[PDB]
Each structure stands twice: as C-alpha cells, then as structure tokens.
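Trainee: Okay, here's the structure, questions in a sec.
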Amino acid sequence: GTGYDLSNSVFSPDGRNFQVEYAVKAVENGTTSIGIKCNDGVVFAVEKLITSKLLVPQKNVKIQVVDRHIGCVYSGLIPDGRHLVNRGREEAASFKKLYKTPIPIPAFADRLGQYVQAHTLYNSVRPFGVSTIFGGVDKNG
Amino acid sequence: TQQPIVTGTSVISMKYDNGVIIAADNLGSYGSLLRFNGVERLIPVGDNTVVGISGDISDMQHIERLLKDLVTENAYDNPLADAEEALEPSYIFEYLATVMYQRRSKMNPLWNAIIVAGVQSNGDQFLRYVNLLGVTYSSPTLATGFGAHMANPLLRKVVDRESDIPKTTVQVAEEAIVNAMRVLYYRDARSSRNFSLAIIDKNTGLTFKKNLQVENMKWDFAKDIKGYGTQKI
C-alpha cells in the first residue's frame, strides 16, 4: 500500500509514523540551539538570524522561562515552542499548587513528553514542529 | 469562607514624606485562644510592595500563593521584570481587589482585610485598603479591625491631611506606628506583644523588621486600684 504519510498517528508497514519524521525535518530547518549541563547547573544558548538590521537587537527573546528555575529553548516552529512552553508552565503551576515544592526537572520533562506523545496519537492533531532543550536545578541537582 | 476560624487582628499603616510604613502583629487566634504565635502577616511582594492581611489565615495563605504566582507569571516573557514593567503596588492592589469583589459576588468571600502599601516607580506613595466585600479606599492612614478605631486616631494626629505627609519624617511615622501598636496591645484582647513592621521608602527600599516587641508599658498604677468601688484594701 501507499499514502501512510498523509495522516498523523498512522503506522506505516515498516513501523514508523512519517508525520513525526516530517515534523523532525521541519525542526532540522530551524536555527541552532544548544544546552550544556555543568557541575552546579545548566546553560542554554541560541542563535537568532538577523534577516535585516531593522530588527531591534536584544529583543525577540527566544529563550523562555518556566516557573523560576526551568529554562527552555527550542529549534523549529517557534510558535509550537511557545505553545509547549505554555503547557509546561500550566503543568508546573498545578504541580506547585498541589505539592507545594517547585516541580522537579524530570517531572517537567515527563509532563512535556506525555503532552507531545498525546499530540502524536490522533489524526486530528498535528505533531509538534519543535525540538526542545530544557532543564534547570532541583533538589537532586 | 463562610465563617473565619484561625484569624489575625489589626493591620495598621501610614504615609510619610518619602514612602509608607505598615505594621501587623504575629498572632493567629483560634476564637478566644491565642493559638499560633509567630504568624508573619506582612507579605512583601517584590522589593517595592507590602501586603498586610487581617482575618482568616487560610485565606491569607491563599493570597500569599496568589501573589507569588502573580510575580512568577509577570516574570514570564518579560526581560524587564526586574526593572520596567515590574509589579507595582497599584497592579497588586487592583488584582487583589478584583479577586475580593469577585469572591464577594460569588457568595464565597475571602474573609480578610488587606492593606497594600508601597512606592510607585515615580516615587509616589501607594496605600490602599480592600476587604471581603470588595470595598476599596485609600487615606494617609489606614487600619483594619480595632486599629481602625484606635490606631487611626493616633495616626491622624500625625498626618491629618495630605499636606501633612511631606512634613512627616520616617522617624516620626515609625514612632507613631509603634505607639499605635502599643495602644492596641493595651486594649485588644486578641493581640500579641510581638509584631512585624515594614518601611517602604523611595530612597532606601524595602525595610523589613521582624520580631519587634511592645515596650515602655505603663502598669505601675495598677497596684493602687483596689476593689470595684467601696473596697479600700
């Protein structure tokens, strides 16, 4: 058969979801963003393309903050990255409201992963076109 | 909240030529029981605002959480959140007043009285009051509970009108606040000797004094009071 790449969450005969790989292709076409985990913390860095000098420098911030301790940068479709960051902020707010402590980094990672995986479960929703490097410091370092 | 349980008493505040002063005791009353000592009822928002809350302590902790979340959500996507476009006392008070009036209209009030004090970005003093009914008002001297009956006269003796504010030094205002706190501890039954005080100045910044005590207590004459009328010994 053919046409397995026309709808999301459709398994191809080789056991693949081609819409996810097309979203990955969309990610690869984005600017470069890196993260480095050091001894006492983490660092995030990103490259912003100056298509014209009409862009106001130091504005158009790409690195976003979740809670007061989570840093998130993304490569790909910047609006999808902002959507994912808002979802993560909601998750962190609920976690703090319920369990008092700020959300741990692995917990936040699993929340975002469950969100994206759910977005790769239905043909009525499009996979996220972003790859997200995030992190921070919690009680476990 | 339909009936307050653990409560905190009066919160007082006044203005002076360079900012505001706000004080509140450190006691959580379980009815007639002075149950919880050490309850910080002054919540500093940022480096330029202090909220003094009287009433149900559970609702006060809810307000604390809401203010911390407001600060956090303001920091979102705001590279100047530590400079311009930072949380002002006016913004905090308007958020609180919206919440209080909406809860009042939902018949589930936040059984509290809130005094928001601070200094605006342009050096102007902000000092306003809201309660569980959503009533909002401002004055050179503000006070909740018994303070509104006893502390407000002593504070208006120092600042009666707006023109008196530039004539009031921080020392005079702090002395008036301490005297009002002493009188309150004298005549309030649900009060504490230990309290906290905060001075928000346009030049010095947030000054948070904890573990203050009411001193210079006049009780000697009590040795001469005998009986309730005709008794001589």
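Convention: chains lettered A, B, ... in structure tokens order; per-chain residue numbering from 1; ligands numbered from 1 as shown.
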List the neighbours of residue 86 of chain A out to 12 Å using only C-alpha atoms; skip same-chain residues closer than 2 positions along the sequence, and give me the result as a list in words.
Mentor: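 That gives residues 64, 65, 66, 67, 72, 79, 80, 81, 82, 83, 84, 88, 89, 90, 91, 92, 93, 112 and 115 of chain A; 73, 76 and 77 of chain B.
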Trainee: Please provide the set of residues having any atom within 12 Å of residue 78 of chain A, restricted to only C-alpha atoms, with same-chain residues fewer than 3 positions apart removed, written as a PyMOL selection string.
Mentor: chain A and resi 26-27+29-31+33+48+60-64+72-75+81-85+128-132
Trainee: Could you turn the residues from that selection into a file that holds N, CA and C atoms, as a short mmCIF file (atom, residue, chain, number, x, y, z; two decimals), in the first residue's frame?
Mentor:
```cif
data_model
loop_
_atom_site.label_atom_id
_atom_site.label_comp_id
_atom_site.auth_asym_id
_atom_site.auth_seq_id
_atom_site.Cartn_x
_atom_site.Cartn_y
_atom_site.Cartn_z
N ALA A 26 11.09 19.51 9.70
CA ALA A 26 10.80 20.92 9.94
C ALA A 26 11.68 21.47 11.06
N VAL A 27 11.97 20.65 12.06
CA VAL A 27 12.85 21.07 13.15
C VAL A 27 14.26 21.30 12.63
N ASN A 29 15.34 22.32 9.90
CA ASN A 29 15.47 23.55 9.13
C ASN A 29 15.53 24.80 10.00
N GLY A 30 15.43 24.66 11.33
CA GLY A 30 15.45 25.80 12.21
C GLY A 30 16.85 26.19 12.65
N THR A 31 16.93 27.31 13.38
CA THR A 31 18.20 27.81 13.86
C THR A 31 18.79 26.87 14.91
N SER A 33 20.28 25.73 18.48
CA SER A 33 20.09 25.97 19.90
C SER A 33 20.73 24.83 20.67
N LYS A 48 20.07 33.75 16.79
CA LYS A 48 18.94 34.46 16.22
C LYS A 48 19.39 35.10 14.91
N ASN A 60 13.17 40.26 20.77
CA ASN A 60 12.79 39.00 20.14
C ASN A 60 13.43 37.82 20.87
N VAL A 61 13.18 37.76 22.18
CA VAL A 61 13.81 36.75 23.02
C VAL A 61 13.31 35.37 22.62
N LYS A 62 14.25 34.43 22.47
CA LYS A 62 13.91 33.06 22.12
C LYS A 62 13.95 32.11 23.30
N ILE A 63 14.82 32.36 24.28
CA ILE A 63 14.90 31.52 25.47
C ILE A 63 13.77 31.90 26.41
N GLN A 64 12.97 30.92 26.81
CA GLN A 64 11.84 31.14 27.69
C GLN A 64 12.09 30.50 29.05
N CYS A 72 14.01 26.90 28.97
CA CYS A 72 13.61 26.16 27.78
C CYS A 72 13.98 26.94 26.53
N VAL A 73 14.68 26.29 25.61
CA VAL A 73 14.93 26.82 24.28
C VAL A 73 14.48 25.75 23.28
N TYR A 74 14.18 26.18 22.06
CA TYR A 74 13.65 25.24 21.08
C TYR A 74 14.10 25.63 19.69
N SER A 75 14.20 24.62 18.82
CA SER A 75 14.52 24.79 17.42
C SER A 75 13.39 24.23 16.57
N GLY A 81 6.85 25.98 19.83
CA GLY A 81 7.66 26.03 21.04
C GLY A 81 7.01 26.85 22.14
N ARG A 82 6.42 27.99 21.77
CA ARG A 82 5.71 28.80 22.76
C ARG A 82 4.49 28.06 23.31
N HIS A 83 3.78 27.34 22.45
CA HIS A 83 2.65 26.53 22.90
C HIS A 83 3.11 25.49 23.92
N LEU A 84 4.20 24.78 23.60
CA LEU A 84 4.72 23.78 24.52
C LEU A 84 5.18 24.41 25.83
N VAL A 85 5.76 25.61 25.76
CA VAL A 85 6.20 26.29 26.97
C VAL A 85 5.01 26.69 27.83
N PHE A 128 4.15 18.26 17.00
CA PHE A 128 4.89 19.47 17.29
C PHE A 128 6.09 19.61 16.35
N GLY A 129 6.28 20.81 15.81
CA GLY A 129 7.40 21.06 14.93
C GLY A 129 8.58 21.70 15.63
N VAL A 130 8.89 21.23 16.84
CA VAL A 130 9.98 21.78 17.64
C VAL A 130 10.75 20.66 18.32
N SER A 131 12.05 20.89 18.49
CA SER A 131 12.88 20.11 19.40
C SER A 131 13.31 21.03 20.53
N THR A 132 13.06 20.60 21.76
CA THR A 132 13.17 21.48 22.92
C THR A 132 14.30 21.00 23.82
#
```
Trainee: Hey, which of B:222, B:27, B:70, B:150 ends up closest to chain A? Count only C-alpha atoms.
Mentor: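 For chain A, the nearest of the candidates is B:70.
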Trainee: Restrict the calculation to only C-alpha atoms, then for each residue of chain B with any atom at most 12 Å from an atom of chain A give the closest atom pair and their distance in Å to one decimal, rows by chain and rising residue number, as a Markdown table.
Mentor:
```
| residue | atom | partner | partner_atom | distance |
| --- | --- | --- | --- | --- |
| B:61 | CA | A:97 | CA | 11.9 |
| B:62 | CA | A:97 | CA | 10.1 |
| B:64 | CA | A:97 | CA | 11.9 |
| B:65 | CA | A:97 | CA | 8.2 |
| B:66 | CA | A:97 | CA | 9.8 |
| B:68 | CA | A:67 | CA | 10.6 |
| B:69 | CA | A:93 | CA | 8.0 |
| B:70 | CA | A:93 | CA | 11.0 |
| B:71 | CA | A:68 | CA | 9.9 |
| B:72 | CA | A:67 | CA | 6.4 |
| B:73 | CA | A:67 | CA | 7.9 |
| B:74 | CA | A:67 | CA | 10.6 |
| B:75 | CA | A:68 | CA | 8.2 |
| B:76 | CA | A:65 | CA | 6.4 |
| B:77 | CA | A:64 | CA | 6.6 |
| B:78 | CA | A:61 | CA | 9.2 |
| B:79 | CA | A:61 | CA | 8.1 |
| B:80 | CA | A:59 | CA | 10.9 |
```
Trainee: Go through B:1, B:13, B:37, B:191 and flag the residue nearest residue 129 of chain B, using only C-alpha atoms for the distances.
Mentor: B:13
Trainee: Select, from A:76, A:8, A:139, A:13, the residue with the minimum atom-to-atom distance to residue 28 of chain A, counting only C-alpha atoms.
Mentor: A:76
Trainee: May I ask for the distance between atom CA of residue 127 of chain B and atom CA of residue 2 of chain B, given in Å to one decimal place?
Mentor: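 Between atom CA of residue 127 of chain B and atom CA of residue 2 of chain B the gap works out to 27.8 Å.
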Trainee: Give the helix (DSSP H, G or I) residues of chain A, as DSSP finds them on the backbone, and put them as a ChimeraX atom specification.
Mentor: /A:18-28,78-99,105-119
Trainee: Please produce an output containing N, CA and C atoms for each residue in the selection, written as a short mmCIF file (atom, residue, chain, number, x, y, z; two decimals), in the first residue's frame.
Mentor:
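result-v6.cif written:
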```cif
data_model
loop_
_atom_site.label_atom_id
_atom_site.label_comp_id
_atom_site.auth_asym_id
_atom_site.auth_seq_id
_atom_site.Cartn_x
_atom_site.Cartn_y
_atom_site.Cartn_z
N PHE A 18 5.37 8.65 9.72
CA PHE A 18 6.10 9.59 8.87
C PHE A 18 5.78 11.04 9.17
N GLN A 19 4.62 11.34 9.76
CA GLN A 19 4.32 12.72 10.12
C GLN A 19 5.27 13.23 11.20
N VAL A 20 5.63 12.35 12.14
CA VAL A 20 6.61 12.73 13.16
C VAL A 20 7.96 13.02 12.52
N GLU A 21 8.37 12.19 11.56
CA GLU A 21 9.64 12.43 10.88
C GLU A 21 9.60 13.69 10.03
N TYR A 22 8.44 14.03 9.47
CA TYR A 22 8.32 15.29 8.74
C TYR A 22 8.40 16.48 9.68
N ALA A 23 7.81 16.36 10.87
CA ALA A 23 8.00 17.39 11.89
C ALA A 23 9.46 17.51 12.28
N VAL A 24 10.17 16.38 12.33
CA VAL A 24 11.61 16.41 12.62
C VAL A 24 12.35 17.14 11.51
N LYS A 25 11.96 16.90 10.26
CA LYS A 25 12.54 17.63 9.14
C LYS A 25 12.30 19.13 9.28
N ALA A 26 11.09 19.51 9.70
CA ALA A 26 10.80 20.92 9.94
C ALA A 26 11.68 21.47 11.06
N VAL A 27 11.97 20.65 12.06
CA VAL A 27 12.85 21.07 13.15
C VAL A 27 14.26 21.30 12.63
N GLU A 28 14.75 20.40 11.78
CA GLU A 28 16.13 20.48 11.30
C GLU A 28 16.38 21.75 10.50
N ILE A 78 8.81 28.15 16.07
CA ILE A 78 8.82 28.95 17.29
C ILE A 78 7.44 29.04 17.94
N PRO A 79 6.34 29.23 17.19
CA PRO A 79 5.02 29.23 17.85
C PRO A 79 4.67 27.91 18.52
N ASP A 80 5.02 26.78 17.92
CA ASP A 80 4.81 25.50 18.58
C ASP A 80 5.65 25.41 19.86
N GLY A 81 6.85 25.98 19.83
CA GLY A 81 7.66 26.03 21.04
C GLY A 81 7.01 26.85 22.14
N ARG A 82 6.42 27.99 21.77
CA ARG A 82 5.71 28.80 22.76
C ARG A 82 4.49 28.06 23.31
N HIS A 83 3.78 27.34 22.45
CA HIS A 83 2.65 26.53 22.90
C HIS A 83 3.11 25.49 23.92
N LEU A 84 4.20 24.78 23.60
CA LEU A 84 4.72 23.78 24.52
C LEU A 84 5.18 24.41 25.83
N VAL A 85 5.76 25.61 25.76
CA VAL A 85 6.20 26.29 26.97
C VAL A 85 5.01 26.69 27.83
N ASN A 86 3.93 27.15 27.21
CA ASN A 86 2.73 27.48 27.98
C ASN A 86 2.14 26.24 28.65
N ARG A 87 2.10 25.12 27.92
CA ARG A 87 1.63 23.88 28.53
C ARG A 87 2.50 23.49 29.72
N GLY A 88 3.82 23.62 29.57
CA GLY A 88 4.70 23.29 30.67
C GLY A 88 4.54 24.22 31.86
N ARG A 89 4.27 25.50 31.59
CA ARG A 89 4.01 26.45 32.67
C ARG A 89 2.74 26.08 33.43
N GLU A 90 1.70 25.67 32.71
CA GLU A 90 0.49 25.20 33.38
C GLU A 90 0.77 23.97 34.24
N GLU A 91 1.55 23.03 33.70
CA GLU A 91 1.89 21.83 34.46
C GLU A 91 2.66 22.19 35.73
N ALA A 92 3.63 23.09 35.62
CA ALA A 92 4.42 23.49 36.78
C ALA A 92 3.57 24.23 37.81
N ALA A 93 2.64 25.07 37.34
CA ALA A 93 1.75 25.77 38.26
C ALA A 93 0.87 24.79 39.03
N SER A 94 0.29 23.81 38.33
CA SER A 94 -0.53 22.81 39.02
C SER A 94 0.31 22.00 40.00
N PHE A 95 1.53 21.63 39.60
CA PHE A 95 2.40 20.86 40.49
C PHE A 95 2.73 21.65 41.75
N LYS A 96 3.03 22.94 41.61
CA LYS A 96 3.32 23.75 42.80
C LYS A 96 2.07 23.94 43.65
N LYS A 97 0.91 24.12 43.02
CA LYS A 97 -0.32 24.30 43.78
C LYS A 97 -0.66 23.06 44.59
N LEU A 98 -0.37 21.88 44.05
CA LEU A 98 -0.73 20.65 44.75
C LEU A 98 0.34 20.19 45.74
N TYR A 99 1.59 20.09 45.29
CA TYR A 99 2.67 19.51 46.08
C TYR A 99 3.61 20.55 46.68
N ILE A 105 12.86 18.77 37.60
CA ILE A 105 13.14 18.75 36.16
C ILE A 105 12.69 17.45 35.50
N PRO A 106 12.94 16.26 36.07
CA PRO A 106 12.41 15.05 35.42
C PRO A 106 10.89 15.03 35.33
N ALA A 107 10.20 15.55 36.35
CA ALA A 107 8.75 15.62 36.31
C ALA A 107 8.27 16.51 35.17
N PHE A 108 8.88 17.69 35.03
CA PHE A 108 8.54 18.59 33.94
C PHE A 108 8.82 17.95 32.58
N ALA A 109 9.96 17.25 32.48
CA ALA A 109 10.29 16.55 31.24
C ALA A 109 9.22 15.52 30.90
N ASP A 110 8.78 14.74 31.89
CA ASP A 110 7.77 13.72 31.62
C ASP A 110 6.43 14.35 31.26
N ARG A 111 6.09 15.49 31.88
CA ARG A 111 4.86 16.19 31.52
C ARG A 111 4.89 16.61 30.06
N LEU A 112 5.97 17.28 29.64
CA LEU A 112 6.09 17.71 28.25
C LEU A 112 6.10 16.51 27.30
N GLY A 113 6.77 15.43 27.70
CA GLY A 113 6.82 14.25 26.85
C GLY A 113 5.45 13.62 26.67
N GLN A 114 4.68 13.52 27.75
CA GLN A 114 3.32 13.00 27.64
C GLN A 114 2.46 13.89 26.76
N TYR A 115 2.64 15.21 26.87
CA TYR A 115 1.88 16.13 26.03
C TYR A 115 2.19 15.91 24.55
N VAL A 116 3.48 15.86 24.21
CA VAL A 116 3.85 15.69 22.80
C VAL A 116 3.43 14.31 22.29
N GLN A 117 3.61 13.27 23.11
CA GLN A 117 3.20 11.93 22.70
C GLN A 117 1.70 11.87 22.45
N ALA A 118 0.91 12.51 23.32
CA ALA A 118 -0.53 12.61 23.07
C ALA A 118 -0.81 13.36 21.79
N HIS A 119 0.02 14.36 21.47
CA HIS A 119 -0.14 15.05 20.19
C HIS A 119 0.27 14.19 19.00
#
```
